[PDB]
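Asker: Let me begin by handing over the structure; questions about it come next.
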Amino acid sequence: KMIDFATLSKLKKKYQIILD
Amino acid sequence: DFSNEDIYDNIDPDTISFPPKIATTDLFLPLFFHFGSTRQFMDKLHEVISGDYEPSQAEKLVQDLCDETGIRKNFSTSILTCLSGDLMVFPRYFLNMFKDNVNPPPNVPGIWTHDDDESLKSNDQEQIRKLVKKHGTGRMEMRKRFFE
Amino acid sequence: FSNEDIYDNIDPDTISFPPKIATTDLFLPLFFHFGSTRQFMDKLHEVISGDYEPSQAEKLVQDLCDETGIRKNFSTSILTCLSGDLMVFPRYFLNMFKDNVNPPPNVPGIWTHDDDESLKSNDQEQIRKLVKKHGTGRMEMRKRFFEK
């Protein structure tokens with residue numbers, strides 16, 4: 001039961017906060 | 001130009017005894033308690049946030065706020081999240097937190113609380129009218145984009 | 001990996017709820033609603049028992065947020081230090097809570113920053129160190145990711 005690391009590694013960048 | 005939100009930004013730090021009670025060691029580091037006054041802290045903060053950051057540099061900013069102002073990184077991180085990434089609302093966050101002994105300040109334009117975020121997705125027209133009055137349409141839409 | 005069982009065999013009833021390490025920048029109010037650490041772990045086992053194909057990272061974290069109270073960005077960095085191995089997911093929490101530390105610094109399968117920074121070493125000793133900690137298999141897999 002392992003999650004594809006690609007989907008994770010970018011879901012991370014996705015959840016990071018962006019400076020306005 | 002002018003904005004009635006200025007009352008949240010223009011709180012006089014000299015009226016806030018230092019260090020403020022709400023400023024605990026789980027939130028702040030030794031450097032912070034070494035500032036001489038609330039104003040010294042605010043001026044360092046202003047220096048840091050008026051630095052140059054790309055939209056992608058949250059990590060550096062958070063590191064800079066730790067090193068220069070003594071704010072713990074997990075705290076700076078929660079704050080940025082409350083502010084939808086708007087750097088210019090940082091001073092306002094601390095002034096009201098310190099002044100009113102609350103964290104996060106629960107009634108401040110530009111500072112999104114848990115309740116604020118819950119009303120945003122409740123699609124109950126009355127709760128949303130209250131959010132728009134508190135933060136404005138611009139911040140409202142930005143926050144909506146924050147949840148996409 | 002049965003020699004690692006000790007890392008999973010922590011009794012939740014020894015951990016008073018909520019743990020001190022369990023703050024608001026990581027958990028949502030659904031979390032604190034739980035009545036004991038055991039109650040939380042059980043919901044964690046139940047969630048992750050679900051059938052998630054390698055492609056469903058997004059739904060997983062959402063279900064995690066939804067059903068257990070774990071903030072979605074927190075789940076994401078965890079799975080990331082777990083090389084995406086869902087089986088080690090309860091091990092993260094039990095050790096985090098048991099020893100009050102995020103992330104647990106000495107647990108096989110849990111890759112820390114320094115572990116990652118050690119992957120970039122030509123020092124035979126540094127490589128050996130990582131193999132001894134996480135295992136040959138986890139090592140070789142972590143390289144592939146690092147080499148992308």
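Residues in the structure tokens are named by chain (A, B, ... in the order shown) and by number from 1 within that chain; ligands are numbered from 1 in the order shown.
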Once you count only C-alpha atoms, which residues of chain B turn out to be within 9 Å of chain C? Could you give them as an MDAnalysis selection string?
Answerer: chainID B and resid 74:75 77:78
Asker: Would you put the residues from that selection into a file with N, CA and C atoms, as a compact mmCIF listing (two decimals), in the first residue's frame?
Answerer:
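selection.txt, written as the output of this step:
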```txt
# COMPACT_ATOMS: atom_id res chain seq x y z
N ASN B 74 7.17 27.53 13.00
CA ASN B 74 5.81 27.02 12.95
C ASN B 74 4.72 28.09 13.19
N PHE B 75 5.04 29.07 14.03
CA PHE B 75 4.16 30.20 14.30
C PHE B 75 4.10 31.14 13.09
N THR B 77 4.58 30.41 10.19
CA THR B 77 3.86 29.64 9.17
C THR B 77 2.34 29.67 9.35
N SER B 78 1.86 29.44 10.57
CA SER B 78 0.42 29.56 10.83
C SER B 78 -0.09 30.97 10.51
```
Asker: Residues of chain C near chain A: apply a cut-off of 12 Å, count only C-alpha atoms, and supply the list as a ChimeraX atom specification.
Answerer: /C:48-62,71-89,141-142,144-146,148
Asker: Those residues you just picked out, can you put them in a file as a short mmCIF file (atom, residue, chain, number, x, y, z; two decimals), in the first residue's frame with N, CA, C and O atoms?
Answerer:
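Full text of part-v9.cif as output:
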```
data_model
loop_
_atom_site.label_atom_id
_atom_site.label_comp_id
_atom_site.auth_asym_id
_atom_site.auth_seq_id
_atom_site.Cartn_x
_atom_site.Cartn_y
_atom_site.Cartn_z
N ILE C 48 -6.69 4.38 6.67
CA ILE C 48 -5.63 3.94 5.79
C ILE C 48 -5.80 2.49 5.36
O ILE C 48 -5.06 2.01 4.51
N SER C 49 -6.76 1.79 5.95
CA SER C 49 -7.01 0.43 5.52
C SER C 49 -7.67 0.49 4.15
O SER C 49 -7.53 -0.43 3.34
N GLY C 50 -8.38 1.59 3.91
CA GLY C 50 -9.10 1.81 2.67
C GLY C 50 -8.19 1.51 1.49
O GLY C 50 -6.96 1.50 1.63
N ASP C 51 -8.79 1.26 0.33
CA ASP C 51 -7.98 0.93 -0.83
C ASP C 51 -7.62 2.19 -1.60
O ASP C 51 -8.47 2.78 -2.28
N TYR C 52 -6.37 2.60 -1.45
CA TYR C 52 -5.86 3.75 -2.17
C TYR C 52 -4.81 3.25 -3.14
O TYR C 52 -3.81 2.63 -2.74
N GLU C 53 -5.05 3.48 -4.42
CA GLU C 53 -4.07 3.17 -5.44
C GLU C 53 -2.99 4.23 -5.37
O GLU C 53 -3.22 5.31 -4.82
N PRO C 54 -1.80 3.93 -5.90
CA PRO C 54 -0.68 4.87 -5.86
C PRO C 54 -1.04 6.28 -6.31
O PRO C 54 -0.35 7.23 -5.93
N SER C 55 -2.11 6.43 -7.10
CA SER C 55 -2.45 7.72 -7.70
C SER C 55 -3.35 8.57 -6.82
O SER C 55 -3.56 9.76 -7.11
N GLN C 56 -3.89 7.99 -5.76
CA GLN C 56 -4.89 8.69 -4.95
C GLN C 56 -4.35 9.40 -3.71
O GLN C 56 -5.02 9.46 -2.68
N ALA C 57 -3.16 9.98 -3.83
CA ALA C 57 -2.59 10.77 -2.75
C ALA C 57 -3.56 11.85 -2.27
O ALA C 57 -3.68 12.11 -1.08
N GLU C 58 -4.27 12.48 -3.20
CA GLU C 58 -5.08 13.63 -2.85
C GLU C 58 -6.27 13.21 -2.01
O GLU C 58 -6.52 13.79 -0.96
N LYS C 59 -7.01 12.22 -2.49
CA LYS C 59 -8.16 11.71 -1.75
C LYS C 59 -7.75 11.21 -0.36
O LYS C 59 -8.47 11.40 0.61
N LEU C 60 -6.59 10.55 -0.28
CA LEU C 60 -6.10 10.07 1.02
C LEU C 60 -6.02 11.22 2.05
O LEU C 60 -6.68 11.20 3.09
N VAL C 61 -5.24 12.24 1.73
CA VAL C 61 -5.05 13.33 2.67
C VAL C 61 -6.39 13.99 3.02
O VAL C 61 -6.63 14.35 4.18
N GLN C 62 -7.28 14.10 2.03
CA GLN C 62 -8.60 14.66 2.30
C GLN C 62 -9.35 13.78 3.28
O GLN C 62 -9.92 14.28 4.26
N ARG C 71 -4.46 17.78 9.79
CA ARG C 71 -4.43 18.80 8.75
C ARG C 71 -3.83 18.23 7.49
O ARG C 71 -2.94 17.38 7.54
N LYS C 72 -4.32 18.69 6.35
CA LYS C 72 -3.94 18.11 5.08
C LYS C 72 -2.49 18.33 4.68
O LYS C 72 -1.85 17.44 4.13
N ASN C 73 -1.93 19.51 4.96
CA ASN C 73 -0.51 19.70 4.66
C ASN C 73 0.42 18.88 5.57
O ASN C 73 1.53 18.52 5.18
N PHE C 74 -0.04 18.57 6.79
CA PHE C 74 0.73 17.72 7.72
C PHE C 74 0.83 16.28 7.20
O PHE C 74 1.93 15.72 7.11
N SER C 75 -0.31 15.68 6.87
CA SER C 75 -0.32 14.36 6.22
C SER C 75 0.66 14.31 5.05
O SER C 75 1.40 13.34 4.87
N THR C 76 0.68 15.38 4.27
CA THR C 76 1.49 15.39 3.06
C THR C 76 2.98 15.30 3.29
O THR C 76 3.67 14.57 2.57
N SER C 77 3.50 16.04 4.27
CA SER C 77 4.94 16.00 4.54
C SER C 77 5.36 14.68 5.22
O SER C 77 6.46 14.18 4.99
N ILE C 78 4.47 14.15 6.06
CA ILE C 78 4.64 12.82 6.65
C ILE C 78 4.79 11.76 5.57
O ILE C 78 5.85 11.14 5.45
N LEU C 79 3.75 11.58 4.74
CA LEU C 79 3.80 10.57 3.69
C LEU C 79 5.08 10.76 2.91
O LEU C 79 5.70 9.80 2.43
N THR C 80 5.51 12.01 2.81
CA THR C 80 6.73 12.34 2.09
C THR C 80 7.99 11.82 2.83
O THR C 80 8.91 11.28 2.21
N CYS C 81 8.04 11.97 4.14
CA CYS C 81 9.18 11.42 4.87
C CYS C 81 9.03 9.90 5.03
O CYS C 81 10.01 9.21 5.33
N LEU C 82 7.83 9.37 4.78
CA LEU C 82 7.60 7.92 4.80
C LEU C 82 7.81 7.28 3.44
O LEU C 82 7.46 6.12 3.24
N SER C 83 8.40 8.03 2.51
CA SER C 83 8.53 7.58 1.12
C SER C 83 7.19 7.06 0.56
O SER C 83 7.15 6.21 -0.33
N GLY C 84 6.09 7.59 1.10
CA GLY C 84 4.76 7.22 0.65
C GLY C 84 4.26 5.86 1.12
O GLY C 84 3.24 5.38 0.63
N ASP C 85 4.97 5.26 2.07
CA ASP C 85 4.61 3.95 2.60
C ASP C 85 3.58 4.08 3.72
O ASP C 85 3.93 4.32 4.88
N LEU C 86 2.32 3.91 3.35
CA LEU C 86 1.19 4.01 4.26
C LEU C 86 1.23 3.12 5.49
O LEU C 86 0.56 3.40 6.48
N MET C 87 1.96 2.01 5.41
CA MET C 87 2.01 1.09 6.53
C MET C 87 2.75 1.69 7.71
O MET C 87 2.53 1.32 8.85
N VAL C 88 3.66 2.62 7.42
CA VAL C 88 4.49 3.24 8.45
C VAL C 88 3.79 4.46 9.03
O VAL C 88 4.33 5.15 9.90
N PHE C 89 2.58 4.74 8.54
CA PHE C 89 1.84 5.94 8.94
C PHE C 89 1.46 5.92 10.44
O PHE C 89 1.65 6.92 11.14
N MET C 141 15.34 2.79 -2.65
CA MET C 141 14.14 3.50 -3.06
C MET C 141 14.24 5.01 -2.84
O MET C 141 13.76 5.80 -3.66
N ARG C 142 14.85 5.42 -1.73
CA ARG C 142 14.97 6.84 -1.40
C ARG C 142 15.92 7.54 -2.38
O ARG C 142 15.77 8.73 -2.65
N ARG C 144 16.26 6.75 -5.71
CA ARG C 144 15.45 7.01 -6.91
C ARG C 144 14.72 8.34 -6.83
O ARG C 144 14.74 9.13 -7.78
N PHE C 145 14.06 8.59 -5.70
CA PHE C 145 13.32 9.82 -5.48
C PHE C 145 14.29 11.01 -5.50
O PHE C 145 14.02 12.04 -6.14
N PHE C 146 15.40 10.86 -4.80
CA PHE C 146 16.43 11.89 -4.70
C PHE C 146 17.05 12.18 -6.06
O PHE C 146 17.47 13.30 -6.33
N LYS C 148 15.55 12.51 -8.78
CA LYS C 148 14.48 13.04 -9.61
C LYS C 148 13.98 14.36 -9.04
O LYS C 148 12.78 14.61 -9.00
#
```
Asker: Per DSSP on the backbone, filter chain A down to the residues in helix (DSSP H, G or I) and report them as a count of residues only.
Answerer: 11
Asker: Can you work out the spacing between atom CA of residue 38 of chain C and atom CA of residue 12 of chain C in Å, to one decimal?
Answerer: 5.0 Å
Asker: Kindly give the distance, in Å, that separates atom CA of residue 37 of chain C and atom CA of residue 64 of chain C, rounded to a single decimal.
Answerer: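 Separation between atom CA of residue 37 of chain C and atom CA of residue 64 of chain C: 15.9 Å.
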Asker: At a cut-off of 12 Å, using only C-alpha atoms, what residues contact residue 6 of chain B? Leave out same-chain residues fewer than 2 positions from it and give the result as a VMD selection string.
Answerer: chain B and resid 1 to 4 8 to 12 89 91 to 92 108 to 110
Asker: Go ahead and dump the residues you just picked, N, CA, C and O atoms, as a PDB file, in the first residue's frame.
Answerer:
```pdb
ATOM      1  N   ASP B   1      -4.629  55.021  -0.560  1.00  0.00           N
ATOM      2  CA  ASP B   1      -4.833  56.247   0.198  1.00  0.00           C
ATOM      3  C   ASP B   1      -5.335  55.965   1.619  1.00  0.00           C
ATOM      4  O   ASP B   1      -4.626  55.384   2.436  1.00  0.00           O
ATOM      5  N   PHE B   2      -6.557  56.391   1.908  1.00  0.00           N
ATOM      6  CA  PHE B   2      -7.103  56.257   3.251  1.00  0.00           C
ATOM      7  C   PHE B   2      -7.853  54.947   3.383  1.00  0.00           C
ATOM      8  O   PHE B   2      -8.378  54.408   2.409  1.00  0.00           O
ATOM      9  N   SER B   3      -7.905  54.435   4.601  1.00  0.00           N
ATOM     10  CA  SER B   3      -8.659  53.228   4.869  1.00  0.00           C
ATOM     11  C   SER B   3      -9.007  53.225   6.334  1.00  0.00           C
ATOM     12  O   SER B   3      -8.151  53.502   7.168  1.00  0.00           O
ATOM     13  N   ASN B   4     -10.265  52.929   6.640  1.00  0.00           N
ATOM     14  CA  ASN B   4     -10.683  52.777   8.019  1.00  0.00           C
ATOM     15  C   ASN B   4     -10.047  51.564   8.738  1.00  0.00           C
ATOM     16  O   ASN B   4     -10.247  51.400   9.943  1.00  0.00           O
ATOM     17  N   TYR B   8      -6.292  49.421  12.932  1.00  0.00           N
ATOM     18  CA  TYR B   8      -5.674  48.130  13.297  1.00  0.00           C
ATOM     19  C   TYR B   8      -4.163  48.184  13.124  1.00  0.00           C
ATOM     20  O   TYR B   8      -3.427  47.396  13.740  1.00  0.00           O
ATOM     21  N   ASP B   9      -3.695  49.112  12.290  1.00  0.00           N
ATOM     22  CA  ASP B   9      -2.256  49.252  12.033  1.00  0.00           C
ATOM     23  C   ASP B   9      -1.563  50.295  12.874  1.00  0.00           C
ATOM     24  O   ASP B   9      -0.346  50.272  13.005  1.00  0.00           O
ATOM     25  N   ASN B  10      -2.316  51.234  13.428  1.00  0.00           N
ATOM     26  CA  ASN B  10      -1.652  52.375  14.031  1.00  0.00           C
ATOM     27  C   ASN B  10      -1.652  52.342  15.544  1.00  0.00           C
ATOM     28  O   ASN B  10      -1.499  53.380  16.187  1.00  0.00           O
ATOM     29  N   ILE B  11      -1.840  51.151  16.109  1.00  0.00           N
ATOM     30  CA  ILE B  11      -1.771  50.973  17.551  1.00  0.00           C
ATOM     31  C   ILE B  11      -0.359  51.351  17.986  1.00  0.00           C
ATOM     32  O   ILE B  11       0.626  50.983  17.335  1.00  0.00           O
ATOM     33  N   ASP B  12      -0.259  52.132  19.050  1.00  0.00           N
ATOM     34  CA  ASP B  12       1.046  52.655  19.427  1.00  0.00           C
ATOM     35  C   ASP B  12       1.744  51.579  20.247  1.00  0.00           C
ATOM     36  O   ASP B  12       1.258  51.210  21.313  1.00  0.00           O
ATOM     37  N   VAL B  89       0.230  42.475   6.337  1.00  0.00           N
ATOM     38  CA  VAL B  89      -0.693  42.347   7.457  1.00  0.00           C
ATOM     39  C   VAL B  89       0.006  41.747   8.696  1.00  0.00           C
ATOM     40  O   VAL B  89      -0.607  41.609   9.767  1.00  0.00           O
ATOM     41  N   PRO B  91       2.395  43.107  10.639  1.00  0.00           N
ATOM     42  CA  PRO B  91       2.496  44.009  11.792  1.00  0.00           C
ATOM     43  C   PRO B  91       1.175  44.089  12.533  1.00  0.00           C
ATOM     44  O   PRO B  91       1.115  44.068  13.768  1.00  0.00           O
ATOM     45  N   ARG B  92       0.107  44.180  11.758  1.00  0.00           N
ATOM     46  CA  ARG B  92      -1.235  44.227  12.300  1.00  0.00           C
ATOM     47  C   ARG B  92      -1.533  42.995  13.163  1.00  0.00           C
ATOM     48  O   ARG B  92      -2.129  43.113  14.225  1.00  0.00           O
ATOM     49  N   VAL B 108     -10.123  41.057  13.243  1.00  0.00           N
ATOM     50  CA  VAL B 108      -9.269  41.989  12.534  1.00  0.00           C
ATOM     51  C   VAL B 108      -9.342  41.729  11.026  1.00  0.00           C
ATOM     52  O   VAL B 108      -9.070  40.624  10.579  1.00  0.00           O
ATOM     53  N   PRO B 109      -9.702  42.760  10.247  1.00  0.00           N
ATOM     54  CA  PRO B 109      -9.643  42.621   8.785  1.00  0.00           C
ATOM     55  C   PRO B 109      -8.290  42.087   8.301  1.00  0.00           C
ATOM     56  O   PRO B 109      -7.235  42.586   8.707  1.00  0.00           O
ATOM     57  N   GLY B 110      -8.330  41.083   7.435  1.00  0.00           N
ATOM     58  CA  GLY B 110      -7.134  40.521   6.839  1.00  0.00           C
ATOM     59  C   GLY B 110      -6.608  39.336   7.633  1.00  0.00           C
ATOM     60  O   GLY B 110      -5.722  38.630   7.176  1.00  0.00           O
TER      61      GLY B 110
END
```
Asker: Do you know which residues are at most 12 Å from residue 21 of chain B counting only C-alpha atoms, after dropping those on the same chain fewer than 5 positions away, and could you put them as a list in words?
Answerer: residues 16, 27, 28, 33, 38, 97, 98, 99, 100, 101, 102 and 103 of chain B
Asker: Save out the residues we just selected, N, CA and C atoms, as a PDB file, in the first residue's frame.
Answerer:
```
ATOM      1  N   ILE B  16       2.040  49.132  24.656  1.00  0.00           N
ATOM      2  CA  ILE B  16       2.070  47.698  24.898  1.00  0.00           C
ATOM      3  C   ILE B  16       3.324  47.381  25.726  1.00  0.00           C
ATOM      4  N   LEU B  27       6.021  30.168  21.390  1.00  0.00           N
ATOM      5  CA  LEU B  27       5.761  30.984  20.198  1.00  0.00           C
ATOM      6  C   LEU B  27       6.978  31.787  19.760  1.00  0.00           C
ATOM      7  N   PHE B  28       7.795  32.184  20.732  1.00  0.00           N
ATOM      8  CA  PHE B  28       8.905  33.085  20.478  1.00  0.00           C
ATOM      9  C   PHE B  28      10.193  32.552  21.084  1.00  0.00           C
ATOM     10  N   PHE B  33      12.689  38.017  23.314  1.00  0.00           N
ATOM     11  CA  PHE B  33      12.578  38.560  24.665  1.00  0.00           C
ATOM     12  C   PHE B  33      13.720  39.524  24.965  1.00  0.00           C
ATOM     13  N   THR B  38       8.326  47.036  22.686  1.00  0.00           N
ATOM     14  CA  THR B  38       7.465  46.541  21.626  1.00  0.00           C
ATOM     15  C   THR B  38       7.805  47.207  20.301  1.00  0.00           C
ATOM     16  N   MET B  97      -2.674  41.077  18.508  1.00  0.00           N
ATOM     17  CA  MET B  97      -2.390  39.938  19.390  1.00  0.00           C
ATOM     18  C   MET B  97      -1.868  40.453  20.742  1.00  0.00           C
ATOM     19  N   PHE B  98      -0.888  41.338  20.683  1.00  0.00           N
ATOM     20  CA  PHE B  98      -0.256  41.822  21.901  1.00  0.00           C
ATOM     21  C   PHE B  98      -1.237  42.719  22.667  1.00  0.00           C
ATOM     22  N   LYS B  99      -1.945  43.578  21.934  1.00  0.00           N
ATOM     23  CA  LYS B  99      -2.834  44.533  22.576  1.00  0.00           C
ATOM     24  C   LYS B  99      -4.008  43.859  23.265  1.00  0.00           C
ATOM     25  N   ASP B 100      -4.562  42.847  22.624  1.00  0.00           N
ATOM     26  CA  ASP B 100      -5.801  42.272  23.116  1.00  0.00           C
ATOM     27  C   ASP B 100      -5.607  40.907  23.757  1.00  0.00           C
ATOM     28  N   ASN B 101      -4.370  40.441  23.797  1.00  0.00           N
ATOM     29  CA  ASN B 101      -4.082  39.227  24.541  1.00  0.00           C
ATOM     30  C   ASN B 101      -4.817  38.041  23.948  1.00  0.00           C
ATOM     31  N   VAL B 102      -4.757  37.937  22.623  1.00  0.00           N
ATOM     32  CA  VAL B 102      -5.461  36.908  21.870  1.00  0.00           C
ATOM     33  C   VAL B 102      -4.601  36.440  20.702  1.00  0.00           C
ATOM     34  N   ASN B 103      -4.770  35.191  20.322  1.00  0.00           N
ATOM     35  CA  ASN B 103      -3.960  34.627  19.266  1.00  0.00           C
ATOM     36  C   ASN B 103      -4.696  33.475  18.609  1.00  0.00           C
TER      37      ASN B 103
END
```
Asker: Given a cut-off of 10 Å, which residues of chain B touch chain A, counting only C-alpha atoms, written out as a CSV table (one decimal) with C-alpha atoms, in the first residue's frame?
Answerer:
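As a result, out_13.csv now contains:
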```csv
chain,number,residue,atom,x,y,z
B,53,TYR,CA,10.5,38.0,-1.7
B,54,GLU,CA,9.2,36.1,-4.7
B,55,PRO,CA,5.8,34.4,-4.3
B,56,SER,CA,7.8,31.2,-3.9
B,57,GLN,CA,9.9,32.3,-0.9
B,58,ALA,CA,7.7,31.5,2.1
B,59,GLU,CA,10.5,29.3,3.4
B,61,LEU,CA,10.8,34.6,4.9
B,77,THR,CA,3.9,29.6,9.2
B,78,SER,CA,0.4,29.6,10.8
B,80,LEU,CA,1.1,33.5,6.9
B,81,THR,CA,-1.8,31.0,6.5
B,83,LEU,CA,-3.1,36.2,6.3
B,84,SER,CA,-3.5,34.4,2.9
B,85,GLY,CA,0.2,35.2,2.3
B,86,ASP,CA,-0.2,38.9,2.6
B,87,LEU,CA,3.1,40.1,4.2
B,88,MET,CA,1.8,43.6,4.9
B,142,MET,CA,-8.4,35.6,-2.7
B,146,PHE,CA,-7.0,29.8,-1.4
```
Asker: In Å to one decimal, how far is atom CA of residue 97 of chain C from atom CA of residue 22 of chain C?
Answerer: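 Answer for the atom CA of residue 22 of chain C to atom CA of residue 97 of chain C separation: 7.9 Å.
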Asker: Counting only C-alpha atoms, what is within 8 Å of residue 40 of chain C, bar same-chain residues fewer than 5 positions away, as a ChimeraX atom specification?
Answerer: /C:31,34,68
Asker: Between C:126, C:9, C:112, C:106, which is the closest to residue 91 of chain C once you count only C-alpha atoms?
Answerer: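 Counting only C-alpha atoms, the residue closest to residue 91 of chain C is C:9.
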Asker: Show me, as a compact mmCIF listing (two decimals) with C-alpha atoms, in the first residue's frame, the residues that have an atom within 10 Å of residue 121 of chain B when counting only C-alpha atoms, minus same-chain residues fewer than 6 positions from it.
Answerer:
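Final output, part.txt:
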```txt
# COMPACT_ATOMS: atom_id res chain seq x y z
CA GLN B 127 -22.40 34.50 7.30
CA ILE B 128 -20.77 35.38 3.99
CA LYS B 144 -11.84 31.50 -2.19
CA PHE B 147 -9.53 26.96 -1.35
```
Asker: Can you work out which one of B:82, B:17, B:35, B:70 has the shortest atom-to-atom distance to residue 139 of chain B, counting only C-alpha atoms?
Answerer: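 Selected residue with least distance to residue 139 of chain B: B:82.
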